[PDB]
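Enquirer: Let me give you the structure first, and then I'll get to my questions.
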Amino acid sequence: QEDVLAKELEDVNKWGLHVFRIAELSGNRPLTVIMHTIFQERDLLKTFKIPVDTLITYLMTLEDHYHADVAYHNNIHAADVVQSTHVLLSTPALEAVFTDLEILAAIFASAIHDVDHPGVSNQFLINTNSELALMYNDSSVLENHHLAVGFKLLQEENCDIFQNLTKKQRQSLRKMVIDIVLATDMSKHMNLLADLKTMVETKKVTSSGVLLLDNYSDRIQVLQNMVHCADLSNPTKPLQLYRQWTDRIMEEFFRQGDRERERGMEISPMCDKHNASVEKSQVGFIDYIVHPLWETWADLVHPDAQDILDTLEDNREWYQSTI
Amino acid sequence: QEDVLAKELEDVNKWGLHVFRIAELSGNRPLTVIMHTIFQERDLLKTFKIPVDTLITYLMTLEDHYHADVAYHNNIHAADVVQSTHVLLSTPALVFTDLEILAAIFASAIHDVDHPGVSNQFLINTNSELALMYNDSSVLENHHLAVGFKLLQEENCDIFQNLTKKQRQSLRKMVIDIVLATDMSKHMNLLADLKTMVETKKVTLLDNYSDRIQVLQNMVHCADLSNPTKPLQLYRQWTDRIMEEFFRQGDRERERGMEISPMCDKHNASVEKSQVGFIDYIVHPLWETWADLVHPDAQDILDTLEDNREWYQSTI
Ligand SMILES: CC(C)=CCc1c(O)ccc(-c2coc3cc(O)cc(O)c3c2=O)c1O
Ligand SMILES: CC(C)=CCc1c(O)ccc(-c2coc3cc(O)cc(O)c3c2=O)c1O
Ligand SMILES: [Mg+2]
Ligand SMILES: [Mg+2]
Ligand SMILES: [Zn+2]
Ligand SMILES: [Zn+2]
């Protein structure tokens with residue numbers, strides 16, 4: 001079983017990794033084994049003098065703080081977003097663009113970006129007067145919480161994977177991670193996409209053909225959109241993965257809708273199991289959210305993402321054909 | 001003693017209220033007695049159907065969560081910002097609904113609650129629990145909001161129990177928008193927007209919520225930075241208090257080997273030069289813009305600010 005797991009982890013650089021199989025083969029430790037594999041692939045333990053036992057202890061603790069009883073926003077989603085960000089970071093149009101610290105920030109942000117997610121939306125937490133929404137003044141409630149947990153767990157015994165970074169490196173990494181995870185708030189999607197469109201329309205490339213990013217605002221904006229694309233990448237994956245992600249998010253959404261209905265609240269979009277069209281919802285999700293984002297990402301890195309975009313468009317056509 | 005306190009509160013509508021005397025005469029309850037007076041002066045208990053006992057219970061609880069061992073950011077500052085906002089809201093030239101007035105006054109009352117007497121940058125650079133919770137972003141102001149709202153859930157403390165569901169949602173949003181705007185790192189952006197509004201000012205007039213909340217943000221920020229515009233005897237007491245708080249923070253930064261924050265190094269301080277710099281660079285640019293917005297209602301306030309700057313300069 002460990003032999004089979006190792007073989008599957010050889011696909012870590014590939015879009016369409018069998019992430020559900022890795023979750024089973026690893027004993028429900030996909031985030032740990034995929035993060036460890038990616039850290040070895042990018043030589044990050046050596047570069048940042050991360051002790052391997054510290055990395056594993058932190059990863060196992062972080063993975064524990066994802067909820068195993070939440071169908072979608074769990075450790076498998078986290079591992080998937082990590083691995084997708086890892087592939088997006090390797091795209092030819094970004095070669096040598098980001099520093100090792102920025103690469104570390106983007107992967108770490110992906111790993112923590114949904115930790116301790118309760119399986120209900122920001123708006124649900126706000127409208128139910130939740131302790132989380134009270135703590136965070138109704139503002140990026142979940143995302144502030146994911147950050148606070150992800151950073152707090154570094155203080156647990158033998159968990160500070162950043163123990164050998166300089167103070168300035170720790171300070172910079174912390175700021176970048178915060179900027180990245182806060183941008184995964186779905187209420188920010190339209191503004192993030194608008195700014196990404198502006199960057200594509202005005203983009204510049206070096207003599208070597210890679211994206212020219214010469215200030216923090218532009219660099220962090222690319223990393224924000226990269227992780228947001230990774231978070232919204234399920235419809236760009238091979239259909240058998242996409243359908244499993246859709247089954248999971250619909251379970252989570254329907255359970256939220258059941259709580260909304262019981263409370264006499266308006267039921268959130270896609271959360272009403274008695275008035276649901278999952279197929280129509282997917283076509284609309286792709287048409288209005290996912291394809292506008294991924295088409296713009298594909299333009300930024302053209303032609304690197306053409307196959308991802310082709311898969312997204314095929315999946316849209318497939319779902320449309322079931323209507 | 002309880003008879004002198006009543007006469008002091010008769011000037012609740014005046015710039016330069018004797019808030020330190022009121023703090024003393026009320027047994028260190030200036031926030032509770034001044035908020036009550038202002039709510040009674042504005043028949044807010046009747047307009048929003050607030051039980052008097054519920055108001056007093058909340059107010060005492062809120063006042064209790066200001067720290068008595070913090071020389072500046074305590075319940076006297078809270079009472080003073082409340083009362084200053086109350087006066088600025090009565091500016092003839094101002095147009096806000098009664099829910100907007102309520103949000104501005106409530107926001108003023110809670111805007112520094114549970115302040116530990118150190119700055120956001122201090123909390124960030126020391127890896128505090130507060131900065132860990134709030135991801136280094138408006139750390140104090142997010143905390144003040146969360147405490148102020150949480151206290152409404154204590155027994156007999158929900159002063160908004162008789163607002164409609166929509167009113168509570170609207171009030172909550174405005175209070176958050178206002179208190180977050182009191183973060184001093186946002187001063188330049190806030191002032192830039194106040195200037196833009198002044199250049200486009202229409203009067204008989206703020207038609208969109210964006211403009212109105214910006215005025216309320218700048219109004220409470222003005223009230224928060226109103227000490228140098230008060231009568232000199234008041235301003236000097238506020239200066240003595242914040243210098244004590246700053247110097248205690250700078251002692252902690254020195255001991256930790258951190259860079260000492262501006263005005264916090266007691267061994268290289270010039271309180272007087274700091275006051276002229278504070279007025280020239282922060283307070284007077286802000287108040288000159290506010291006075292342009294409300295022309296000419298703020299003339300006496302700006303006059304006092306300019307007199308106080310002249311006096312501090314003469315002490316150098
Ligand atoms: C308001 C609105 C229309 C949507 C905003 C919104 C959220 O706030 C949160 C999560 C999603 C989402 C995420 O991952 C999916 C994966 C699938 O495989 C299928 C899916 O449908 C989805 C989703 O919907 C979402 O779309
Ligand atoms: C420079 C800047 C943009 C912000 C720095 C900054 C803070 O962060 C926080 C509080 C103050 C401040 C407040 O109330 C005062 C009252 C006085 O009577 C005398 C005073 O000196 C001050 C102050 O200094 C401040 O200036
Ligand atoms: Mg999320
Ligand atoms: Mg404050
Ligand atoms: Zn996510
Ligand atoms: Zn204040």
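Every chain in the structure tokens takes a letter, A first, then B, and so on in the order presented; its residues are numbered from 1, and the ligands are numbered from 1 following the presented order.
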Please check which protein, DNA or RNA residues sit within 10 Å of ligand 5, counting only C-alpha atoms and all ligand atoms, and write them as a ChimeraX atom specification.

Expert: /A:72-74,77-78,80-81,110-115,117,143,181,184-186,227-228,230-233

Enquirer: Just the residues within 7 Å of residue 146 (chain B), please, counting only C-alpha atoms, with nothing from its chain fewer than 3 positions along; format it as a list in words.

Expert: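 Listed by chain and then number, they are residues 134, 135 and 137 of chain A; 142, 143, 149 and 150 of chain B.
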
Enquirer: Next, write the just-selected residues to a file, as an mmCIF file, in the first residue's frame, keeping N, CA, C and O atoms as the atom set.

Expert:
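And here is the file that came out, selection-v3.cif:
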data_model
loop_
_atom_site.group_PDB
_atom_site.id
_atom_site.type_symbol
_atom_site.label_atom_id
_atom_site.label_comp_id
_atom_site.auth_asym_id
_atom_site.auth_seq_id
_atom_site.Cartn_x
_atom_site.Cartn_y
_atom_site.Cartn_z
ATOM 1 N N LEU A 134 -18.950 37.452 15.113
ATOM 2 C CA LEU A 134 -18.780 38.451 16.158
ATOM 3 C C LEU A 134 -17.305 38.783 16.352
ATOM 4 O O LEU A 134 -16.940 39.950 16.560
ATOM 5 N N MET A 135 -16.448 37.768 16.328
ATOM 6 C CA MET A 135 -15.009 38.011 16.470
ATOM 7 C C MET A 135 -14.479 38.895 15.350
ATOM 8 O O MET A 135 -13.637 39.774 15.584
ATOM 9 N N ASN A 137 -16.195 40.839 12.959
ATOM 10 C CA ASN A 137 -16.921 42.025 12.507
ATOM 11 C C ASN A 137 -17.444 41.829 11.084
ATOM 12 O O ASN A 137 -17.410 42.741 10.246
ATOM 13 N N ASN B 142 -10.536 46.163 15.500
ATOM 14 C CA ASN B 142 -11.361 44.962 15.402
ATOM 15 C C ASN B 142 -11.727 44.447 16.783
ATOM 16 O O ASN B 142 -12.859 44.008 17.012
ATOM 17 N N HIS B 143 -10.766 44.484 17.708
ATOM 18 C CA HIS B 143 -11.018 44.030 19.071
ATOM 19 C C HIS B 143 -12.025 44.925 19.782
ATOM 20 O O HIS B 143 -12.917 44.431 20.487
ATOM 21 N N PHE B 149 -19.697 44.869 20.907
ATOM 22 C CA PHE B 149 -20.872 44.111 20.501
ATOM 23 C C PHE B 149 -21.111 42.912 21.410
ATOM 24 O O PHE B 149 -22.259 42.584 21.717
ATOM 25 N N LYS B 150 -20.051 42.228 21.836
ATOM 26 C CA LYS B 150 -20.249 41.043 22.668
ATOM 27 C C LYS B 150 -20.935 41.407 23.977
ATOM 28 O O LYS B 150 -21.764 40.642 24.486
#

Enquirer: Residues within 8 Å of ligand 4 (only C-alpha atoms and all ligand atoms), as a PyMOL selection string?

Expert: chain B and resi 73+111-112+115+140-141+179+182-184+224

Enquirer: Residues of chain B that have any atom at most 12 Å from an atom of ligand 6: could you tabulate them with the shortest-distance atom pair and the distance in Å to one decimal, using only C-alpha atoms and all ligand atoms, ordered by chain and increasing number, as a tab-separated table?

Expert:
residue	atom	partner	partner_atom_place_in_ligand_line	distance
B:66	CA	ligand 6	1 (Zn)	11.5
B:72	CA	ligand 6	1 (Zn)	8.7
B:73	CA	ligand 6	1 (Zn)	6.4
B:74	CA	ligand 6	1 (Zn)	8.7
B:75	CA	ligand 6	1 (Zn)	10.0
B:76	CA	ligand 6	1 (Zn)	10.2
B:77	CA	ligand 6	1 (Zn)	6.6
B:78	CA	ligand 6	1 (Zn)	6.8
B:79	CA	ligand 6	1 (Zn)	10.1
B:80	CA	ligand 6	1 (Zn)	9.3
B:81	CA	ligand 6	1 (Zn)	7.1
B:82	CA	ligand 6	1 (Zn)	10.1
B:84	CA	ligand 6	1 (Zn)	11.6
B:85	CA	ligand 6	1 (Zn)	11.9
B:107	CA	ligand 6	1 (Zn)	10.7
B:108	CA	ligand 6	1 (Zn)	8.2
B:109	CA	ligand 6	1 (Zn)	9.6
B:110	CA	ligand 6	1 (Zn)	9.3
B:111	CA	ligand 6	1 (Zn)	6.4
B:112	CA	ligand 6	1 (Zn)	5.4
B:113	CA	ligand 6	1 (Zn)	9.0
B:114	CA	ligand 6	1 (Zn)	11.3
B:115	CA	ligand 6	1 (Zn)	9.1
B:117	CA	ligand 6	1 (Zn)	10.8
B:119	CA	ligand 6	1 (Zn)	11.3
B:140	CA	ligand 6	1 (Zn)	10.4
B:141	CA	ligand 6	1 (Zn)	9.5
B:144	CA	ligand 6	1 (Zn)	10.2
B:178	CA	ligand 6	1 (Zn)	11.9
B:179	CA	ligand 6	1 (Zn)	9.4
B:180	CA	ligand 6	1 (Zn)	11.3
B:181	CA	ligand 6	1 (Zn)	10.9
B:182	CA	ligand 6	1 (Zn)	7.2
B:183	CA	ligand 6	1 (Zn)	8.9
B:184	CA	ligand 6	1 (Zn)	9.4
B:220	CA	ligand 6	1 (Zn)	9.1
B:221	CA	ligand 6	1 (Zn)	8.2
B:222	CA	ligand 6	1 (Zn)	10.1
B:223	CA	ligand 6	1 (Zn)	8.4
B:224	CA	ligand 6	1 (Zn)	4.9
B:225	CA	ligand 6	1 (Zn)	7.7
B:226	CA	ligand 6	1 (Zn)	9.9
B:227	CA	ligand 6	1 (Zn)	10.5
B:238	CA	ligand 6	1 (Zn)	11.7
B:242	CA	ligand 6	1 (Zn)	10.9

Enquirer: Which residues are close to residue 273 (chain B), i.e. within 12 Å by only C-alpha atoms, leaving aside same-chain residues fewer than 5 positions away? Reply as a list in words.

Expert: residues 263, 268, 278, 279, 280, 309, 310, 311, 312, 313, 314, 315 and 316 of chain B

Enquirer: Once you have the residues from the selection above, write them out as a short mmCIF file (atom, residue, chain, number, x, y, z; two decimals), in the first residue's frame, restricted to C-alpha atoms.

Expert:
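Output contents, as saved in selection25.cif:
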data_model
loop_
_atom_site.label_atom_id
_atom_site.label_comp_id
_atom_site.auth_asym_id
_atom_site.auth_seq_id
_atom_site.Cartn_x
_atom_site.Cartn_y
_atom_site.Cartn_z
CA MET B 263 7.03 60.19 21.02
CA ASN B 268 14.78 61.79 24.02
CA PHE B 278 1.13 66.67 15.88
CA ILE B 279 -1.03 69.71 15.17
CA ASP B 280 0.80 70.85 12.04
CA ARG B 309 -0.71 75.51 18.62
CA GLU B 310 0.57 79.07 19.06
CA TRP B 311 0.86 78.51 22.81
CA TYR B 312 2.71 75.21 22.56
CA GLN B 313 5.11 76.82 20.09
CA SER B 314 5.79 79.56 22.62
CA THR B 315 6.79 76.95 25.23
CA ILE B 316 9.69 75.87 23.01
#

Enquirer: When you look at residue 97 (chain B) with a cut-off of 12 Å (counting only C-alpha atoms), what residues show up, excluding the ones that are within fewer than 2 positions of it in the same chain? I need them as a list in words.

Expert: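 In the requested form, the answer reads residues 47, 89, 94, 95, 99, 100, 101, 102, 103, 104, 167, 170, 171, 206, 209, 212, 213 and 216 of chain B.
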
Enquirer: Select from region 14-255 of chain A everything DSSP, run on the backbone, classes as helix (DSSP H, G or I), then give the selection as a ChimeraX atom specification.

Expert: /A:19-25,30-41,44-47,52-64,75-89,92-94,100-112,122-127,131-136,141-155,167-182,186-201,216-231,234-236,239-255

Enquirer: Neighbouring residues of residue 205 (chain B) were defined as those with any atom within 12 Å, considering only C-alpha atoms; residues of the same chain fewer than 5 positions away were excluded. Please report them as an MDAnalysis selection string.

Expert: chainID B and resid 93:96 197:198 200 211:212 215 293:294

Enquirer: Which chain A residues are at most 12 Å from chain B (counting only C-alpha atoms), as a ChimeraX atom specification?

Expert: /A:126-155,167-168,170-171,174-182

Enquirer: Please provide the set of residues having any atom within 10 Å of residue 163 (chain A), restricted to only C-alpha atoms, with same-chain residues fewer than 2 positions apart removed, written as a list in words.

Expert: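 The filter keeps residues 48, 49, 50, 51, 54, 154, 158, 159, 160, 161, 165, 166, 167 and 170 of chain A.
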
Enquirer: Looking at only C-alpha atoms, which of B:37, B:304, B:237, B:275 is the one that sits closest to residue 21 (chain B)?

Expert: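 Nearest candidate to residue 21 (chain B) out of B:37, B:304, B:237, B:275: B:237.
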
Enquirer: Quote the spacing between CA of residue 12 (chain A) and CA of residue 62 (chain A) in Å to one decimal place.

Expert: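 Separation between CA of residue 12 (chain A) and CA of residue 62 (chain A): 20.1 Å.
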